[PDB]
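File shown: entry.txt. Contents: compact mmCIF, C-alpha atoms (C1' of nucleotides).
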```
# COMPACT_ATOMS: atom_id res chain seq x y z
CA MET X 1 86.46 143.16 174.77
CA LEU X 2 82.66 143.06 174.57
CA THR X 3 80.09 140.35 174.02
CA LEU X 4 78.21 140.29 170.73
CA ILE X 5 75.06 141.51 172.48
CA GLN X 6 77.15 144.10 174.33
CA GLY X 7 78.06 145.49 170.92
CA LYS X 8 74.47 145.00 169.74
CA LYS X 9 73.05 146.89 172.74
CA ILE X 10 75.37 149.82 171.93
CA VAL X 11 74.51 150.15 168.22
CA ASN X 12 70.82 151.00 168.68
CA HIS X 13 71.50 153.75 171.24
CA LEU X 14 73.70 155.60 168.70
CA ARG X 15 71.52 155.80 165.56
CA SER X 16 69.58 158.73 167.07
CA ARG X 17 72.40 160.81 168.60
CA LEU X 18 74.66 161.42 165.59
CA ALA X 19 76.04 164.66 164.14
CA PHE X 20 79.16 166.18 162.61
CA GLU X 21 80.23 169.81 162.78
CA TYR X 22 80.58 171.96 159.67
CA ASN X 23 80.51 175.79 159.53
CA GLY X 24 78.44 175.83 162.72
CA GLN X 25 75.84 173.62 161.00
CA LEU X 26 75.73 170.50 163.18
CA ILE X 27 74.19 168.04 160.71
CA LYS X 28 72.57 164.84 161.97
CA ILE X 29 73.54 161.51 160.39
CA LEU X 30 70.63 159.34 159.26
CA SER X 31 70.25 155.71 160.36
CA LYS X 32 69.51 154.52 156.81
CA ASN X 33 73.00 155.57 155.67
CA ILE X 34 74.42 153.63 158.67
CA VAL X 35 75.60 150.03 158.33
CA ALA X 36 77.14 147.85 161.04
CA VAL X 37 80.20 145.84 160.05
CA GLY X 38 83.35 144.14 161.35
CA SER X 39 83.44 141.22 163.74
CA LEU X 40 80.06 142.57 164.88
CA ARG X 41 78.34 141.91 161.55
CA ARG X 42 80.17 138.57 161.41
CA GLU X 43 78.16 137.85 164.60
CA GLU X 44 81.26 136.64 166.44
CA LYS X 45 80.37 135.88 170.05
CA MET X 46 83.19 137.93 171.63
CA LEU X 47 84.08 141.27 170.04
CA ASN X 48 87.65 142.54 169.91
CA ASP X 49 86.33 146.02 169.03
CA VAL X 50 83.44 147.77 167.25
CA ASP X 51 83.42 148.71 163.56
CA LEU X 52 80.89 150.98 161.84
CA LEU X 53 80.45 152.19 158.26
CA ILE X 54 78.90 155.45 157.02
CA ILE X 55 77.18 156.17 153.69
CA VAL X 56 78.31 159.68 152.71
CA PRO X 57 76.24 160.98 149.75
CA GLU X 58 78.57 163.76 148.54
CA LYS X 59 82.27 163.76 147.72
CA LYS X 60 83.32 167.13 149.15
CA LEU X 61 82.05 166.25 152.65
CA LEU X 62 85.05 163.92 153.21
CA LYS X 63 87.37 166.60 154.60
CA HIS X 64 84.67 167.76 157.10
CA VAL X 65 82.78 164.69 158.40
CA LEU X 66 85.20 162.50 160.35
CA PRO X 67 87.51 165.41 161.38
CA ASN X 68 84.63 167.38 162.92
CA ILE X 69 82.48 164.61 164.40
CA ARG X 70 80.45 165.09 167.58
CA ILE X 71 79.02 162.65 170.13
CA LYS X 72 76.00 163.17 172.39
CA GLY X 73 76.17 161.88 175.95
CA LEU X 74 79.37 159.83 176.12
CA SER X 75 82.87 160.39 177.45
CA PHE X 76 85.40 159.71 174.70
CA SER X 77 88.89 160.58 173.46
CA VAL X 78 90.52 161.03 170.05
CA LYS X 79 93.68 159.15 169.06
CA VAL X 80 93.91 159.42 165.26
CA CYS X 81 91.56 160.83 162.62
CA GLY X 82 91.49 161.38 158.87
CA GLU X 83 88.79 161.68 156.19
CA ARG X 84 88.37 157.90 155.73
CA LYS X 85 89.45 156.38 159.07
CA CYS X 86 88.81 157.59 162.62
CA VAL X 87 89.57 155.71 165.85
CA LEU X 88 88.19 156.85 169.21
CA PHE X 89 88.35 155.49 172.74
CA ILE X 90 85.10 155.66 174.72
CA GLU X 91 83.70 155.19 178.24
CA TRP X 92 80.66 152.99 177.99
CA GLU X 93 79.34 152.01 181.38
CA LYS X 94 82.68 152.50 183.24
CA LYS X 95 84.76 150.38 180.88
CA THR X 96 86.97 151.44 177.96
CA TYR X 97 86.98 149.80 174.51
CA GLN X 98 88.31 150.58 171.04
CA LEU X 99 86.03 151.72 168.21
CA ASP X 100 86.58 151.99 164.45
CA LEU X 101 84.73 154.43 162.17
CA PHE X 102 84.87 154.55 158.37
CA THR X 103 83.20 156.55 155.60
CA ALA X 104 82.27 155.44 152.08
CA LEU X 105 80.72 156.92 148.95
CA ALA X 106 77.32 156.11 147.44
CA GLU X 107 78.85 154.19 144.52
CA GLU X 108 81.30 152.40 146.83
CA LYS X 109 78.47 151.06 149.07
CA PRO X 110 78.49 147.41 147.90
CA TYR X 111 82.26 147.43 147.37
CA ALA X 112 82.75 148.97 150.83
CA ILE X 113 80.18 146.83 152.70
CA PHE X 114 81.82 143.67 151.34
CA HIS X 115 85.32 144.81 152.33
CA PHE X 116 84.61 145.87 155.92
CA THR X 117 82.50 142.78 156.67
CA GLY X 118 85.64 140.65 156.42
CA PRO X 119 87.29 138.77 157.76
CA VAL X 120 90.79 139.40 156.40
CA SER X 121 91.43 135.77 155.40
CA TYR X 122 88.20 135.56 153.39
CA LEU X 123 89.07 138.80 151.57
CA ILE X 124 92.62 137.71 150.65
CA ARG X 125 91.45 134.62 148.74
CA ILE X 126 89.21 136.79 146.55
CA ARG X 127 91.86 139.46 145.94
CA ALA X 128 94.31 136.63 145.26
CA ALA X 129 92.23 135.16 142.43
CA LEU X 130 91.51 138.62 141.02
CA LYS X 131 95.19 139.56 141.19
CA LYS X 132 95.71 136.35 139.19
CA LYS X 133 93.19 137.79 136.69
CA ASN X 134 94.84 141.22 136.27
CA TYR X 135 92.28 142.80 138.62
CA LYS X 136 92.68 144.92 141.75
CA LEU X 137 89.82 144.84 144.26
CA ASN X 138 89.40 147.30 147.13
CA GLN X 139 86.66 148.89 149.22
CA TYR X 140 86.18 151.58 146.54
CA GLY X 141 85.75 149.69 143.28
CA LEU X 142 87.29 147.22 140.85
CA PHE X 143 90.17 147.91 138.47
CA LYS X 144 92.08 146.39 135.58
CA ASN X 145 95.33 148.25 134.88
CA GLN X 146 93.93 151.03 137.10
CA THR X 147 90.81 151.25 134.91
CA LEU X 148 87.46 151.03 136.68
CA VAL X 149 85.21 148.03 136.03
CA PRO X 150 81.59 149.27 136.33
CA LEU X 151 78.99 146.60 137.10
CA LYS X 152 75.19 146.79 137.01
CA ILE X 153 74.91 146.05 140.73
CA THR X 154 73.62 147.86 143.81
CA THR X 155 73.79 145.61 146.88
CA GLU X 156 76.76 143.70 148.27
CA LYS X 157 75.01 140.44 147.33
CA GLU X 158 74.67 141.43 143.66
CA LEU X 159 78.37 142.35 143.59
CA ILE X 160 79.52 138.95 144.90
CA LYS X 161 77.32 137.16 142.37
CA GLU X 162 78.63 139.47 139.64
CA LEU X 163 82.15 138.79 140.96
CA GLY X 164 81.41 135.11 140.29
CA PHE X 165 81.82 133.76 143.82
CA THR X 166 79.57 131.86 146.21
CA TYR X 167 77.71 134.41 148.33
CA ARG X 168 78.08 133.78 152.06
CA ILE X 169 76.49 135.58 155.00
CA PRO X 170 78.94 137.39 157.35
CA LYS X 171 79.49 134.58 159.86
CA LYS X 172 79.92 132.12 156.98
CA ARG X 173 82.77 134.29 155.69
CA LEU X 174 86.15 133.13 156.98
CA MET Q 1 136.53 159.84 116.66
CA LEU Q 2 135.38 156.28 115.94
CA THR Q 3 134.94 154.10 112.89
CA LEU Q 4 131.40 153.18 111.87
CA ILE Q 5 131.83 149.64 113.21
CA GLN Q 6 133.62 150.90 116.33
CA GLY Q 7 130.45 152.67 117.47
CA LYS Q 8 128.29 149.71 116.44
CA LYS Q 9 130.42 147.26 118.44
CA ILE Q 10 129.83 149.54 121.43
CA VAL Q 11 126.07 149.89 120.90
CA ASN Q 12 125.31 146.20 121.45
CA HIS Q 13 127.34 146.22 124.67
CA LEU Q 14 125.15 149.07 125.95
CA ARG Q 15 121.58 147.95 125.16
CA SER Q 16 121.84 145.33 127.92
CA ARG Q 17 123.72 147.37 130.54
CA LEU Q 18 121.49 150.45 130.84
CA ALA Q 19 119.54 151.79 133.81
CA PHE Q 20 118.41 155.03 135.41
CA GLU Q 21 117.89 155.62 139.12
CA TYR Q 22 114.54 156.69 140.55
CA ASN Q 23 113.57 156.61 144.25
CA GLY Q 24 116.20 153.94 144.88
CA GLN Q 25 114.39 151.81 142.28
CA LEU Q 26 117.02 151.27 139.59
CA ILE Q 27 114.95 150.81 136.42
CA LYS Q 28 116.49 149.06 133.42
CA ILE Q 29 116.15 150.47 129.91
CA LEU Q 30 114.88 147.97 127.35
CA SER Q 31 116.71 147.49 124.06
CA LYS Q 32 113.46 147.80 122.09
CA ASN Q 33 112.94 151.38 123.31
CA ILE Q 34 116.55 152.16 122.25
CA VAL Q 35 117.26 153.48 118.74
CA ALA Q 36 120.60 154.61 117.30
CA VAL Q 37 120.78 157.76 115.17
CA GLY Q 38 123.21 160.42 114.04
CA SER Q 39 126.24 159.79 111.87
CA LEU Q 40 125.95 156.17 113.06
CA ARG Q 41 122.54 155.51 111.51
CA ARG Q 42 123.63 157.44 108.41
CA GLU Q 43 126.35 154.74 108.09
CA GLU Q 44 128.98 157.45 107.72
CA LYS Q 45 132.49 156.02 107.58
CA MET Q 46 133.99 158.04 110.46
CA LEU Q 47 131.97 158.90 113.57
CA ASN Q 48 132.61 162.15 115.42
CA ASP Q 49 130.49 160.83 118.31
CA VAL Q 50 127.65 158.41 119.12
CA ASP Q 51 123.97 159.37 119.19
CA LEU Q 52 121.16 157.40 120.83
CA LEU Q 53 117.44 158.07 121.21
CA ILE Q 54 115.25 156.67 123.99
CA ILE Q 55 111.52 155.92 123.99
CA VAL Q 56 110.22 157.06 127.38
CA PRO Q 57 106.62 155.82 127.77
CA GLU Q 58 105.38 158.24 130.46
CA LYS Q 59 105.58 162.02 130.73
CA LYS Q 60 106.43 162.30 134.44
CA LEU Q 61 109.54 160.14 133.96
CA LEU Q 62 111.26 162.86 131.88
CA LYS Q 63 112.94 164.69 134.77
CA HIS Q 64 114.18 161.36 136.23
CA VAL Q 65 115.73 159.38 133.33
CA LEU Q 66 118.58 161.38 131.79
CA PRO Q 67 119.48 163.23 135.05
CA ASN Q 68 119.89 159.97 136.97
CA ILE Q 69 121.31 157.61 134.32
CA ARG Q 70 123.54 154.67 135.26
CA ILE Q 71 125.93 152.35 133.41
CA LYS Q 72 127.09 148.95 134.67
CA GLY Q 73 130.82 148.29 134.50
CA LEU Q 74 132.02 151.63 133.13
CA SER Q 75 133.74 154.69 134.53
CA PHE Q 76 132.08 157.73 132.98
CA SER Q 77 131.55 161.47 133.36
CA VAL Q 78 128.80 164.01 132.67
CA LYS Q 79 129.28 167.22 130.67
CA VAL Q 80 125.72 168.59 130.39
CA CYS Q 81 122.39 167.00 131.23
CA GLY Q 82 118.69 167.82 131.30
CA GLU Q 83 115.53 165.85 130.64
CA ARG Q 84 115.79 165.98 126.82
CA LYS Q 85 119.54 166.10 126.09
CA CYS Q 86 122.45 164.44 127.90
CA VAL Q 87 126.10 164.48 126.80
CA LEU Q 88 128.69 162.21 128.43
CA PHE Q 89 132.36 161.53 127.95
CA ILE Q 90 133.23 157.84 128.26
CA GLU Q 91 136.24 155.50 128.48
CA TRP Q 92 135.92 152.72 125.97
CA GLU Q 93 139.20 150.84 125.52
CA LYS Q 94 141.32 153.54 127.26
CA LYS Q 95 140.36 156.13 124.67
CA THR Q 96 137.99 159.05 125.18
CA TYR Q 97 134.92 159.71 123.04
CA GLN Q 98 131.84 161.92 123.25
CA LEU Q 99 128.34 160.47 123.55
CA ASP Q 100 124.90 162.00 122.97
CA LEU Q 101 121.69 160.84 124.65
CA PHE Q 102 118.18 162.04 123.83
CA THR Q 103 114.74 161.10 125.13
CA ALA Q 104 111.38 161.02 123.38
CA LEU Q 105 107.89 159.82 124.21
CA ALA Q 106 106.17 156.80 122.69
CA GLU Q 107 103.96 159.10 120.61
CA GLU Q 108 106.91 161.33 119.62
CA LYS Q 109 108.80 158.30 118.20
CA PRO Q 110 108.31 158.81 114.42
CA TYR Q 111 108.72 162.59 114.59
CA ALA Q 112 111.82 162.15 116.77
CA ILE Q 113 113.45 159.34 114.75
CA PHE Q 114 113.36 161.48 111.61
CA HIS Q 115 114.90 164.52 113.32
CA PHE Q 116 117.88 162.86 115.03
CA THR Q 117 118.76 160.78 111.96
CA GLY Q 118 119.80 163.92 110.07
CA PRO Q 119 121.83 165.05 108.35
CA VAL Q 120 121.67 168.83 108.83
CA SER Q 121 121.44 169.83 105.15
CA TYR Q 122 118.69 167.32 104.37
CA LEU Q 123 116.65 168.55 107.35
CA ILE Q 124 117.02 172.25 106.47
CA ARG Q 125 115.89 171.78 102.86
CA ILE Q 126 112.78 169.84 103.93
CA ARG Q 127 111.87 172.23 106.76
CA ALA Q 128 112.40 175.17 104.39
CA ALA Q 129 109.56 174.11 102.08
CA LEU Q 130 107.35 173.35 105.09
CA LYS Q 131 108.02 176.82 106.51
CA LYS Q 132 106.64 178.17 103.21
CA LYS Q 133 103.32 176.41 103.97
CA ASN Q 134 102.69 177.75 107.51
CA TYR Q 135 104.03 174.53 109.06
CA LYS Q 136 106.61 173.95 111.79
CA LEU Q 137 108.49 170.64 111.97
CA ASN Q 138 110.47 169.47 115.00
CA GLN Q 139 111.46 166.23 116.72
CA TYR Q 140 108.22 166.39 118.75
CA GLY Q 141 105.45 166.78 116.19
CA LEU Q 142 103.97 168.76 113.32
CA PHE Q 143 102.13 172.07 113.64
CA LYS Q 144 100.05 174.58 111.72
CA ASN Q 145 99.58 177.97 113.40
CA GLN Q 146 100.97 176.45 116.63
CA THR Q 147 98.24 173.79 116.67
CA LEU Q 148 99.49 170.20 116.53
CA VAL Q 149 98.63 168.24 113.38
CA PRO Q 150 98.00 164.56 114.23
CA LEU Q 151 98.49 162.09 111.38
CA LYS Q 152 97.36 158.46 111.16
CA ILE Q 153 100.94 157.18 111.11
CA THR Q 154 103.16 155.15 113.42
CA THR Q 155 106.57 154.64 111.80
CA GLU Q 156 108.90 157.25 110.34
CA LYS Q 157 108.27 155.87 106.84
CA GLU Q 158 104.50 156.39 107.16
CA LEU Q 159 105.19 159.97 108.28
CA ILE Q 160 107.48 160.66 105.32
CA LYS Q 161 104.88 159.23 102.93
CA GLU Q 162 102.19 161.34 104.60
CA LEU Q 163 104.57 164.30 104.35
CA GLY Q 164 104.63 163.66 100.59
CA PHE Q 165 108.39 163.36 100.02
CA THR Q 166 110.76 160.86 98.45
CA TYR Q 167 111.73 158.36 101.14
CA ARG Q 168 115.49 158.01 101.56
CA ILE Q 169 117.37 155.49 103.71
CA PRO Q 170 119.77 157.09 106.27
CA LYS Q 171 122.91 157.01 104.12
CA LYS Q 172 120.85 158.16 101.12
CA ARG Q 173 119.70 161.21 103.12
CA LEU Q 174 121.94 164.23 102.53
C1' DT B 1 115.10 175.15 110.26
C1' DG B 2 114.21 174.22 114.97
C1' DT B 3 115.71 173.18 119.63
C1' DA B 4 118.14 172.02 124.63
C1' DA B 5 121.27 172.72 128.79
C1' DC B 6 123.35 176.41 130.59
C1' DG B 7 124.68 180.54 133.30
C1' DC B 8 123.82 185.43 133.85
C1' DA B 9 121.19 189.83 134.76
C1' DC B 10 116.80 191.25 136.05
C1' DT B 11 113.24 190.67 138.81
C1' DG B 12 109.55 189.94 142.17
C1' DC B 13 108.55 188.37 146.05
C1' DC B 14 107.91 186.33 150.51
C1' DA B 15 110.71 182.84 155.57
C1' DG B 16 112.91 187.34 154.77
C1' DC B 17 110.25 192.83 153.15
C1' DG B 18 115.48 193.38 152.03
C1' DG B 19 117.57 189.86 150.19
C1' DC B 20 119.37 187.22 145.94
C1' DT B 21 122.51 183.91 151.04
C1' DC B 22 120.64 180.36 154.07
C1' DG B 23 117.12 177.43 155.23
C1' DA B 24 111.92 178.99 156.49
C1' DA B 25 106.83 177.67 155.87
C1' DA B 26 104.11 174.52 153.65
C1' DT B 27 103.22 171.18 150.36
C1' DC B 28 105.59 166.93 149.47
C1' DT B 29 106.92 161.45 149.45
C1' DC B 30 108.66 157.54 151.89
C1' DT B 31 107.81 153.93 155.15
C1' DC B 32 105.62 151.87 159.04
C1' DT B 33 101.95 150.03 161.76
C1' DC B 34 98.02 150.02 161.39
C1' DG B 35 92.79 148.64 159.46
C1' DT B 36 89.30 144.98 157.11
```
Since I need it in another form, could you write the structure as structure tokens?
Amino acid sequence: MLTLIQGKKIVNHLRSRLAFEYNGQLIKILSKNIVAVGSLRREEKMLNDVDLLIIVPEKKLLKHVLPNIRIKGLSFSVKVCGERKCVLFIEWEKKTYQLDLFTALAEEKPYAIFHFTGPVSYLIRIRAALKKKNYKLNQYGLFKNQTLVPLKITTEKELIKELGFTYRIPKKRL
Amino acid sequence: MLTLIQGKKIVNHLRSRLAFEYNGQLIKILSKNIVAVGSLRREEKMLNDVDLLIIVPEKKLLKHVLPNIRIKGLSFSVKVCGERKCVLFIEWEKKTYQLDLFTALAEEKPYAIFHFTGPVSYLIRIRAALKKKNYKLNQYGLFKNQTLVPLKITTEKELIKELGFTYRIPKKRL
DNA sequence: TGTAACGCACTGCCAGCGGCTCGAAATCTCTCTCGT
């Protein structure tokens, strides 16, 4: 486990040294499209692991980003990897911790941000009330009978207000 | 062979005890989506066999319903079976009779109902005049030059009226 | 009229390139532990 600041100290070092491989074109990942999430964003004092989200602008990239990711200047290993989820072990300063990496689409940004902020308990209560209203909520979008519900929102905050719930900052979510 | 009422007495026993298997999930068949046809619906005195139509709501289900059909509390056999037609011999009251089972989609309902009601002669005479007008009639739909002709109808009666023919109740059809 | 389930010859067709067979290669679905 790592302290909150231990996780904080790591995040800033990464935003510059990011790239994924694709037809020889190693393409850097921009810090704007990067959002920190998980217990980290919840500002919990002690971190069980580290959780990061990625804003992917184009749909086809999915099958090439996470599978062919690259890391500058860090010893690491690969356990499991798909197009949406990727979990890697790392060697930061002689200790080993677990890291979680997820990708999301430009229209899923507020739906995704909200989901991965957590925690689980907070999310269940919302999905419970929506399941009691014939709705299905996930990190991608909102459904009714598997039919998308488009809302005139952009940020995670707008979504929660449009969902009709009391907005709460990460650490207030529980 | 069975009397008219003999088949009817059976039909009510079946509408409750019907199911088809699908990925271990045994799915019951609802009595609303069940319609009786053939010599039975025609109210003919003596029945050579029993004929039932089924309203399947979804297209993918076709290759799973009739092939994997199940009956509660009855020993039965299978003669021939596909996704559209299924013929079974049965043991009702120690005697052996033949049974016919057909499937149709929720949108094929009025076109299907008309077809399987019969009788043969009545159907041929109608379809003959339609063949003289570049039309093709079947249990599925209506065509002109192999292009489906959609009509603003729902029930078989509406279809017959839109076809422009004298409506006849089953026993009156001949 | 207008059609379905079937079994057969005839391919074509790839796991196989010669066979019409068994079960391969690859494209599936099911569950299971995971992830917030």
*Computed after least-squares fitting of chain Q to chain X on all C-alpha atoms in order, what is the RMSD in Å?*
0.4 Å
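Take the candidates B:11, B:31, B:36, B:21 and check each one against chain X using all atoms listed in the file; the shortest distance goes to B:36.
Atom pair atom CA of residue 86 of chain X / atom CA of residue 65 of chain X has a distance of 10.2 Å (rounded to one decimal).
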_Please report the interatomic distance between atom CA of residue 122 of chain Q and atom CA of residue 173 of chain Q in Å with one decimal._
6.3 Å
*Just give me the residues with any atom within 12 Å of (80.5, 164.9, 155.8), file coordinates, counting all atoms listed in the file, written as JSON, numbers by chain.*
{"X": [18, 19, 20, 21, 22, 23, 25, 26, 27, 28, 29, 30, 33, 54, 55, 56, 57, 58, 59, 60, 61, 62, 63, 64, 65, 66, 67, 68, 69, 70, 82, 83, 84, 102, 103, 104, 105]}
*For chain X against chain B, which residues fall within 10 Å using only C-alpha atoms (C1' of nucleotides), given as a ChimeraX atom specification?*
/X:37-39,51,85,100,102,112,114-121,123,139
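The space separating atom CA of residue 98 of chain X from atom CA of residue 1 of chain X comes to 8.5 Å.
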*asked:* From (97.2, 160.5, 112.7), in the file's coordinates, out to 12 Å: which residues are reached, counting all atoms listed in the file? Answer as an NGL selection string.
replied: :Q and (107-108 or 110-111 or 141-142 or 148-155 or 158-159 or 162-163)
Keeping only C-alpha atoms, write the selected residues as a compact mmCIF listing (two decimals), in the frame of the given file.
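As written to disk, part.txt reads:
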```
# COMPACT_ATOMS: atom_id res chain seq x y z
CA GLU Q 107 103.96 159.10 120.61
CA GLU Q 108 106.91 161.33 119.62
CA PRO Q 110 108.31 158.81 114.42
CA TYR Q 111 108.72 162.59 114.59
CA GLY Q 141 105.45 166.78 116.19
CA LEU Q 142 103.97 168.76 113.32
CA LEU Q 148 99.49 170.20 116.53
CA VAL Q 149 98.63 168.24 113.38
CA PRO Q 150 98.00 164.56 114.23
CA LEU Q 151 98.49 162.09 111.38
CA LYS Q 152 97.36 158.46 111.16
CA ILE Q 153 100.94 157.18 111.11
CA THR Q 154 103.16 155.15 113.42
CA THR Q 155 106.57 154.64 111.80
CA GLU Q 158 104.50 156.39 107.16
CA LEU Q 159 105.19 159.97 108.28
CA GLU Q 162 102.19 161.34 104.60
CA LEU Q 163 104.57 164.30 104.35
```
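For segment 3-15 of chain Q, the non-local neighbours within 10 Å, defined as residues at least 6 positions apart in the same chain or in other chains and counting all atoms listed in the file, are residues 28, 29, 30, 31, 32, 33, 34, 35, 36, 39, 40, 41, 42, 43, 44, 45, 46, 47, 48, 49, 50, 51, 52, 71, 72 and 92 of chain Q.
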Keeping only C-alpha atoms, take the residues you just selected and write them out as a PDB file, in the coordinates of the input.
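New file out.pdb:
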```pdb
ATOM      1  CA  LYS Q  28     116.490 149.060 133.420  1.00  0.00           C
ATOM      2  CA  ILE Q  29     116.150 150.470 129.910  1.00  0.00           C
ATOM      3  CA  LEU Q  30     114.880 147.970 127.350  1.00  0.00           C
ATOM      4  CA  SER Q  31     116.710 147.490 124.060  1.00  0.00           C
ATOM      5  CA  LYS Q  32     113.460 147.800 122.090  1.00  0.00           C
ATOM      6  CA  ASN Q  33     112.940 151.380 123.310  1.00  0.00           C
ATOM      7  CA  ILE Q  34     116.550 152.160 122.250  1.00  0.00           C
ATOM      8  CA  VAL Q  35     117.260 153.480 118.740  1.00  0.00           C
ATOM      9  CA  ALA Q  36     120.600 154.610 117.300  1.00  0.00           C
ATOM     10  CA  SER Q  39     126.240 159.790 111.870  1.00  0.00           C
ATOM     11  CA  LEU Q  40     125.950 156.170 113.060  1.00  0.00           C
ATOM     12  CA  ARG Q  41     122.540 155.510 111.510  1.00  0.00           C
ATOM     13  CA  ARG Q  42     123.630 157.440 108.410  1.00  0.00           C
ATOM     14  CA  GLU Q  43     126.350 154.740 108.090  1.00  0.00           C
ATOM     15  CA  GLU Q  44     128.980 157.450 107.720  1.00  0.00           C
ATOM     16  CA  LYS Q  45     132.490 156.020 107.580  1.00  0.00           C
ATOM     17  CA  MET Q  46     133.990 158.040 110.460  1.00  0.00           C
ATOM     18  CA  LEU Q  47     131.970 158.900 113.570  1.00  0.00           C
ATOM     19  CA  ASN Q  48     132.610 162.150 115.420  1.00  0.00           C
ATOM     20  CA  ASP Q  49     130.490 160.830 118.310  1.00  0.00           C
ATOM     21  CA  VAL Q  50     127.650 158.410 119.120  1.00  0.00           C
ATOM     22  CA  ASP Q  51     123.970 159.370 119.190  1.00  0.00           C
ATOM     23  CA  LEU Q  52     121.160 157.400 120.830  1.00  0.00           C
ATOM     24  CA  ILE Q  71     125.930 152.350 133.410  1.00  0.00           C
ATOM     25  CA  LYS Q  72     127.090 148.950 134.670  1.00  0.00           C
ATOM     26  CA  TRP Q  92     135.920 152.720 125.970  1.00  0.00           C
TER      27      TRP Q  92
END
```
Copy segment 97-111 of chain X out of the block into a file, keeping C-alpha atoms, as a PDB file, in the first residue's frame.
```pdb
ATOM      1  CA  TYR X  97       2.385  -2.180  -5.839  1.00  0.00           C
ATOM      2  CA  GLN X  98      -0.675  -2.896  -7.980  1.00  0.00           C
ATOM      3  CA  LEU X  99      -1.915  -0.445 -10.620  1.00  0.00           C
ATOM      4  CA  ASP X 100      -5.185  -0.235 -12.563  1.00  0.00           C
ATOM      5  CA  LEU X 101      -5.548   1.355 -16.008  1.00  0.00           C
ATOM      6  CA  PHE X 102      -8.792   1.997 -17.895  1.00  0.00           C
ATOM      7  CA  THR X 103      -9.808   3.635 -21.177  1.00  0.00           C
ATOM      8  CA  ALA X 104     -12.990   5.550 -21.997  1.00  0.00           C
ATOM      9  CA  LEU X 105     -14.575   7.287 -24.978  1.00  0.00           C
ATOM     10  CA  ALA X 106     -15.144  11.015 -25.447  1.00  0.00           C
ATOM     11  CA  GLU X 107     -18.912  10.707 -24.952  1.00  0.00           C
ATOM     12  CA  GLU X 108     -18.444   8.379 -21.963  1.00  0.00           C
ATOM     13  CA  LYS X 109     -16.209  10.913 -20.125  1.00  0.00           C
ATOM     14  CA  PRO X 110     -18.744  12.098 -17.498  1.00  0.00           C
ATOM     15  CA  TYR X 111     -20.349   8.656 -17.256  1.00  0.00           C
TER      16      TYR X 111
END
```
